[PDB]
$ cat input_5.txt   # compact mmCIF, C-alpha atoms
# COMPACT_ATOMS: atom_id res chain seq x y z
CA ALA A 1 -29.33 17.41 21.84
CA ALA A 2 -29.19 15.30 25.00
CA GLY A 3 -25.92 15.45 26.86
CA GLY A 4 -23.01 17.82 26.77
CA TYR A 5 -20.92 18.69 23.76
CA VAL A 6 -17.17 19.13 24.28
CA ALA A 7 -15.11 20.56 21.40
CA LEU A 8 -11.41 19.69 21.59
CA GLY A 9 -8.45 20.38 19.40
CA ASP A 10 -6.21 22.82 17.65
CA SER A 11 -6.59 25.91 15.45
CA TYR A 12 -8.75 24.13 12.87
CA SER A 13 -11.35 23.59 15.60
CA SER A 14 -10.84 26.88 17.48
CA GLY A 15 -11.53 28.68 14.24
CA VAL A 16 -8.27 30.46 13.37
CA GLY A 17 -8.98 31.96 9.93
CA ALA A 18 -12.68 32.58 10.50
CA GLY A 19 -12.34 35.93 12.32
CA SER A 20 -14.28 37.37 15.30
CA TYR A 21 -12.05 35.72 17.90
CA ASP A 22 -13.33 35.91 21.45
CA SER A 23 -10.83 38.00 23.40
CA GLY A 24 -11.38 35.84 26.47
CA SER A 25 -9.73 32.89 24.71
CA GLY A 26 -6.48 34.82 24.26
CA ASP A 27 -3.95 33.16 21.94
CA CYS A 28 -6.24 30.13 21.70
CA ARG A 29 -8.35 32.16 19.32
CA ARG A 30 -11.72 30.45 19.58
CA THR A 31 -14.55 32.12 17.64
CA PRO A 32 -18.34 31.74 17.33
CA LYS A 33 -17.72 31.32 13.61
CA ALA A 34 -15.90 28.01 14.21
CA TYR A 35 -17.84 24.79 13.48
CA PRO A 36 -18.26 23.75 17.16
CA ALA A 37 -19.92 27.05 18.03
CA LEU A 38 -22.04 26.96 14.87
CA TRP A 39 -23.15 23.41 15.68
CA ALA A 40 -23.94 24.19 19.33
CA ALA A 41 -26.01 27.24 18.37
CA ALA A 42 -28.10 25.19 15.95
CA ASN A 43 -28.45 22.04 18.06
CA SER A 44 -28.78 23.25 21.67
CA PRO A 45 -26.76 20.61 23.57
CA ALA A 46 -27.34 20.29 27.33
CA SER A 47 -23.97 22.03 27.76
CA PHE A 48 -21.22 23.28 25.48
CA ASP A 49 -17.55 23.49 26.44
CA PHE A 50 -15.30 24.87 23.70
CA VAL A 51 -11.69 24.23 24.71
CA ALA A 52 -9.86 23.95 21.38
CA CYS A 53 -6.72 26.09 21.21
CA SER A 54 -4.60 27.42 18.34
CA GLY A 55 -1.24 25.65 18.36
CA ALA A 56 -2.38 22.70 20.50
CA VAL A 57 -0.41 19.45 20.38
CA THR A 58 -1.60 16.09 21.67
CA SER A 59 -0.07 16.58 25.11
CA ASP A 60 -1.98 19.88 25.41
CA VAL A 61 -5.30 18.13 24.77
CA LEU A 62 -4.47 15.67 27.56
CA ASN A 63 -3.22 18.39 29.94
CA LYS A 64 -5.54 21.34 29.28
CA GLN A 65 -8.62 20.15 27.49
CA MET A 66 -9.93 17.02 29.20
CA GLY A 67 -11.62 18.70 32.15
CA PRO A 68 -15.14 19.14 30.68
CA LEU A 69 -15.42 15.49 29.63
CA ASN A 70 -17.60 13.40 31.92
CA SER A 71 -20.29 10.73 32.03
CA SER A 72 -22.90 13.20 30.80
CA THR A 73 -20.95 14.12 27.66
CA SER A 74 -22.79 12.89 24.56
CA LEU A 75 -20.69 14.44 21.78
CA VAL A 76 -16.99 15.18 21.38
CA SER A 77 -15.32 16.70 18.31
CA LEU A 78 -11.57 16.83 17.79
CA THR A 79 -8.86 17.98 15.39
CA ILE A 80 -5.31 17.23 16.53
CA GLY A 81 -1.93 15.96 15.35
CA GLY A 82 -0.91 18.50 12.72
CA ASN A 83 1.21 20.49 15.17
CA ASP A 84 2.80 17.40 16.73
CA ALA A 85 4.16 16.66 13.27
CA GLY A 86 5.41 20.24 12.96
CA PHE A 87 3.40 21.28 9.94
CA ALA A 88 3.57 24.98 10.85
CA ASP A 89 7.39 24.70 10.76
CA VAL A 90 7.08 22.73 7.52
CA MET A 91 5.04 25.51 5.94
CA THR A 92 7.49 28.18 7.14
CA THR A 93 10.32 26.18 5.56
CA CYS A 94 8.46 25.70 2.29
CA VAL A 95 7.55 29.38 2.03
CA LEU A 96 10.93 30.87 2.98
CA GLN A 97 13.42 28.30 1.66
CA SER A 98 14.12 26.35 -1.55
CA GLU A 99 12.02 23.58 -3.09
CA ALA A 100 14.70 21.09 -2.00
CA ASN A 101 14.56 22.33 1.58
CA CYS A 102 10.78 22.08 1.47
CA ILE A 103 10.81 18.46 0.28
CA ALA A 104 13.36 17.39 2.86
CA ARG A 105 11.40 19.04 5.68
CA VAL A 106 8.12 17.55 4.44
CA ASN A 107 9.74 14.10 4.38
CA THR A 108 10.93 14.44 7.96
CA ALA A 109 7.36 15.35 8.94
CA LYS A 110 5.92 12.38 7.03
CA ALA A 111 8.33 10.04 8.83
CA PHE A 112 7.07 11.36 12.19
CA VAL A 113 3.47 10.95 11.05
CA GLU A 114 4.01 7.27 10.25
CA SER A 115 6.19 6.28 13.19
CA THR A 116 5.37 8.51 16.13
CA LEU A 117 2.01 10.18 15.71
CA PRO A 118 -0.07 6.97 15.88
CA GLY A 119 1.00 6.31 19.47
CA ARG A 120 0.25 9.86 20.59
CA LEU A 121 -3.17 9.78 18.92
CA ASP A 122 -3.96 6.45 20.63
CA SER A 123 -3.06 8.04 23.97
CA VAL A 124 -5.37 11.01 23.38
CA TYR A 125 -8.20 8.91 21.92
CA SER A 126 -8.07 6.39 24.77
CA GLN A 127 -8.12 9.06 27.47
CA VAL A 128 -11.05 10.86 25.84
CA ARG A 129 -13.06 7.62 25.96
CA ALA A 130 -12.01 6.95 29.55
CA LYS A 131 -13.37 10.30 30.72
CA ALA A 132 -16.47 10.37 28.49
CA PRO A 133 -17.58 6.70 28.18
CA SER A 134 -20.87 7.40 26.43
CA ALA A 135 -19.98 10.14 23.98
CA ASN A 136 -20.08 9.86 20.22
CA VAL A 137 -16.58 11.05 19.24
CA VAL A 138 -16.02 12.64 15.85
CA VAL A 139 -12.39 13.10 14.79
CA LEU A 140 -12.20 15.49 11.85
CA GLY A 141 -9.28 15.33 9.46
CA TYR A 142 -7.46 18.21 7.77
CA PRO A 143 -7.95 19.65 4.30
CA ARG A 144 -5.49 19.27 1.44
CA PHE A 145 -3.97 22.74 1.05
CA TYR A 146 -3.65 22.99 -2.71
CA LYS A 147 -5.36 22.46 -6.02
CA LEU A 148 -2.66 21.53 -8.53
CA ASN A 149 -3.28 23.70 -11.59
CA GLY A 150 -1.57 25.86 -14.19
CA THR A 151 1.00 28.14 -12.51
CA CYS A 152 -0.61 29.66 -9.41
CA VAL A 153 0.71 33.00 -8.10
CA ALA A 154 2.24 32.74 -4.60
CA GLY A 155 0.86 29.20 -4.42
CA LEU A 156 4.39 27.66 -4.23
CA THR A 157 5.97 25.46 -6.86
CA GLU A 158 4.07 22.45 -8.16
CA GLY A 159 6.62 20.12 -6.61
CA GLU A 160 6.12 21.75 -3.20
CA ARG A 161 2.33 21.71 -3.47
CA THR A 162 2.46 18.04 -4.42
CA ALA A 163 4.69 17.22 -1.48
CA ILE A 164 2.51 19.18 0.96
CA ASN A 165 -0.70 17.60 -0.32
CA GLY A 166 0.96 14.21 -0.01
CA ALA A 167 1.80 14.94 3.61
CA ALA A 168 -1.82 15.87 4.33
CA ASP A 169 -2.96 12.61 2.71
CA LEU A 170 -0.63 10.59 4.94
CA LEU A 171 -1.69 12.50 8.06
CA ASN A 172 -5.38 11.99 7.27
CA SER A 173 -4.74 8.31 6.57
CA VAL A 174 -3.16 7.84 10.01
CA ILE A 175 -5.96 9.77 11.71
CA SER A 176 -8.75 7.91 9.91
CA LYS A 177 -7.24 4.54 10.81
CA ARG A 178 -6.72 5.48 14.45
CA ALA A 179 -10.28 6.83 14.70
CA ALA A 180 -11.79 3.64 13.25
CA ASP A 181 -9.68 1.58 15.67
CA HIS A 182 -11.41 3.37 18.58
CA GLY A 183 -14.90 3.27 17.06
CA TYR A 184 -14.80 7.02 16.45
CA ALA A 185 -16.29 8.70 13.41
CA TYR A 186 -13.84 10.17 10.90
CA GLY A 187 -14.82 13.48 9.33
CA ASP A 188 -13.49 13.64 5.76
CA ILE A 189 -12.58 17.31 5.53
CA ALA A 190 -10.26 16.71 2.54
CA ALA A 191 -13.25 15.41 0.59
CA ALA A 192 -15.45 18.32 1.70
CA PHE A 193 -12.77 20.84 0.69
CA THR A 194 -12.17 19.35 -2.76
CA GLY A 195 -12.50 22.21 -5.23
CA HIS A 196 -12.01 24.75 -2.43
CA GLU A 197 -8.25 24.51 -1.85
CA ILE A 198 -5.73 27.31 -2.48
CA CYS A 199 -5.47 27.95 -6.23
CA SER A 200 -8.89 26.34 -6.77
CA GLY A 201 -10.58 29.57 -7.80
CA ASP A 202 -13.10 29.18 -4.97
CA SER A 203 -10.81 28.71 -1.99
CA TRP A 204 -12.10 28.11 1.53
CA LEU A 205 -8.53 28.48 2.81
CA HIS A 206 -6.31 31.48 3.50
CA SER A 207 -3.16 31.74 1.42
CA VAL A 208 0.19 32.62 2.99
CA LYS A 209 -0.06 35.76 5.11
CA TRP A 210 2.70 38.35 5.10
CA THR A 211 0.81 40.86 7.24
CA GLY A 212 -1.69 40.67 10.09
CA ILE A 213 -2.63 37.60 12.13
CA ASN A 214 -1.04 34.42 10.77
CA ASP A 215 -4.05 32.40 9.59
CA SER A 216 -2.14 30.97 6.62
CA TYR A 217 -3.58 27.66 5.35
CA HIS A 218 -6.58 27.88 7.68
CA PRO A 219 -10.29 27.71 6.83
CA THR A 220 -12.07 30.98 6.10
CA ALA A 221 -15.46 31.62 7.69
CA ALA A 222 -16.96 30.01 4.57
CA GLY A 223 -14.73 26.98 5.05
CA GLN A 224 -15.96 26.59 8.62
CA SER A 225 -19.66 26.90 7.81
CA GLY A 226 -19.64 25.19 4.42
CA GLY A 227 -16.97 22.57 4.96
CA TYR A 228 -16.39 21.70 8.61
CA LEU A 229 -19.93 22.19 9.88
CA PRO A 230 -21.64 19.90 7.33
CA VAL A 231 -19.03 17.21 8.04
CA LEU A 232 -19.73 17.39 11.79
CA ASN A 233 -23.50 17.44 11.12
CA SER A 234 -23.09 14.21 9.15
CA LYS A 235 -21.34 12.38 11.99
CA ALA A 236 -22.69 13.90 15.23

$ encode --input "input_5.txt" --output "structure tokens"
Amino acid sequence: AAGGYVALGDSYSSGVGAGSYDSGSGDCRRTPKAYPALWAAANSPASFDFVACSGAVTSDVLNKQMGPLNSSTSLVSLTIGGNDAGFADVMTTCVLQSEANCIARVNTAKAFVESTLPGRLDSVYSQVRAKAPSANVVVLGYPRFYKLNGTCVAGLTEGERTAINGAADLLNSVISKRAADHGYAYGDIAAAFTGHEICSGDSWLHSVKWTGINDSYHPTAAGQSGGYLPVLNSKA
């Protein structure tokens, strides 16, 4: 692959949930099992800079991750926006509080996604293009977290799962539209993960964690290699 590959983003790109984190990345938790590393190993780009970081928000991408982008960059991947909208806080609320509290918190997040996130995404997307004029940029969306089925243990109430899935749909809608607006490819992770959500019976996502590292709602190693990687392969 001609040109450098720069992998930007949050925990869904660093690989939280896939295991084997490189200690040198600290709390960013990047791993060779994450789709950017899998893609780079198979495609041999001129250079590979993996700067995604667990917990990253749009301002972090602008402040800490733009350095490797340059005129020789030919491919850029990115997952970002979920944390700006506070989805980790939303999930904590939905797990530890009542269904009513969950809905209210989800609705506050959805309002932010519609009114505030677009502007932040435009800012990140425009700066990426400014620093890497020639790169093909692939913005990957997020998966839906749940399969709505007959009473699922620990999987939350149906009403909460519905609300959370609805929030993912709205987030992915905003991202897909912003990506198209900038001529960027949109990676449909929700489509790729259909039939592999929590409660699906063949999940590629971690359920809520009560012990260990918190990789709740994140892709497993199978989700990274079977879901994210093929999506990037299709758009790179």

$ atom_distance --input "input_5.txt" --atom1 "atom CA of residue 175 of chain A" --atom2 "atom CA of residue 195 of chain A"
22.0 Å

$ residues_around --input "input_5.txt" --residues "residue 31 of chain A" --least-positions-apart "3" --cutoff "9 Å" --atoms "only C-alpha atoms" --output "PyMOL selection string"
chain A and resi 14-16+18-22+25+34+37

$ closest_residue --input "input_5.txt" --among "A:213, A:117, A:1, A:153" --to "residue 39 of chain A" --atoms "only C-alpha atoms"
A:1

$ closest_residue --input "input_5.txt" --among "A:17, A:112, A:197, A:83" --to "residue 212 of chain A" --atoms "all atoms listed in the file"
A:17

$ residues_around --input "input_5.txt" --residues "residue 164 of chain A" --least-positions-apart "5" --cutoff "10 Å" --atoms "only C-alpha atoms" --output "number ranges by chain"
A: 87, 90-91, 94, 102-103, 106-107, 110, 144-146, 158-159, 169-170

$ residues_near_point --input "input_5.txt" --point "(-17.5, 19.0, 30.4)" --cutoff "9 Å" --atoms "only C-alpha atoms" --output "number ranges by chain"
A: 4-6, 47-49, 66-73, 132

$ closest_residue --input "input_5.txt" --among "A:125, A:193, A:142, A:228" --to "residue 38 of chain A" --atoms "only C-alpha atoms"
A:228

$ atom_distance --input "input_5.txt" --atom1 "atom CA of residue 219 of chain A" --atom2 "atom CA of residue 35 of chain A"
10.5 Å

$ build_atoms --input "input_5.txt" --residues "segment 213-233 of chain A" --atoms "N, CA and C atoms" --output "CSV table (one decimal), keeping the file's coordinate frame"
chain,number,residue,atom,x,y,z
A,213,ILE,N,-2.6,38.8,11.4
A,213,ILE,CA,-2.6,37.6,12.1
A,213,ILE,C,-2.2,36.5,11.2
A,214,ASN,N,-1.4,35.5,11.6
A,214,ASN,CA,-1.0,34.4,10.8
A,214,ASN,C,-2.1,33.3,10.7
A,215,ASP,N,-3.0,33.4,9.8
A,215,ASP,CA,-4.0,32.4,9.6
A,215,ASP,C,-3.8,31.7,8.3
A,216,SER,N,-2.5,31.7,7.9
A,216,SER,CA,-2.1,31.0,6.6
A,216,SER,C,-2.6,29.5,6.6
A,217,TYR,N,-3.1,29.0,5.5
A,217,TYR,CA,-3.6,27.7,5.4
A,217,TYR,C,-4.8,27.2,6.2
A,218,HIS,N,-5.4,28.2,6.8
A,218,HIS,CA,-6.6,27.9,7.7
A,218,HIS,C,-7.9,28.2,7.0
A,219,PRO,N,-9.0,27.5,7.4
A,219,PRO,CA,-10.3,27.7,6.8
A,219,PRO,C,-10.8,29.1,7.0
A,220,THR,N,-11.5,29.7,6.0
A,220,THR,CA,-12.1,31.0,6.1
A,220,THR,C,-13.4,30.7,6.8
A,221,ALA,N,-14.2,31.8,7.0
A,221,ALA,CA,-15.5,31.6,7.7
A,221,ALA,C,-16.3,30.7,6.8
A,222,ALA,N,-16.2,30.8,5.5
A,222,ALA,CA,-17.0,30.0,4.6
A,222,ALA,C,-16.5,28.6,4.7
A,223,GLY,N,-15.2,28.3,4.9
A,223,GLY,CA,-14.7,27.0,5.0
A,223,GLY,C,-15.3,26.3,6.3
A,224,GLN,N,-15.4,27.1,7.4
A,224,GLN,CA,-16.0,26.6,8.6
A,224,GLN,C,-17.4,26.3,8.5
A,225,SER,N,-18.2,27.1,7.9
A,225,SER,CA,-19.7,26.9,7.8
A,225,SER,C,-20.1,26.0,6.7
A,226,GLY,N,-19.3,26.0,5.6
A,226,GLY,CA,-19.6,25.2,4.4
A,226,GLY,C,-18.9,23.9,4.3
A,227,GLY,N,-17.8,23.8,5.0
A,227,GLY,CA,-17.0,22.6,5.0
A,227,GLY,C,-17.0,21.8,6.3
A,228,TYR,N,-16.4,22.4,7.3
A,228,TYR,CA,-16.4,21.7,8.6
A,228,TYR,C,-17.8,21.4,9.2
A,229,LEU,N,-18.6,22.4,9.3
A,229,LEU,CA,-19.9,22.2,9.9
A,229,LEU,C,-20.7,21.0,9.3
A,230,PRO,N,-20.9,21.0,7.9
A,230,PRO,CA,-21.6,19.9,7.3
A,230,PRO,C,-21.0,18.5,7.6
A,231,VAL,N,-19.7,18.5,7.7
A,231,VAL,CA,-19.0,17.2,8.0
A,231,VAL,C,-19.4,16.8,9.5
A,232,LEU,N,-19.3,17.7,10.4
A,232,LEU,CA,-19.7,17.4,11.8
A,232,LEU,C,-21.2,17.0,11.8
A,233,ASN,N,-22.1,17.7,11.1
A,233,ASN,CA,-23.5,17.4,11.1
A,233,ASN,C,-23.7,16.0,10.7
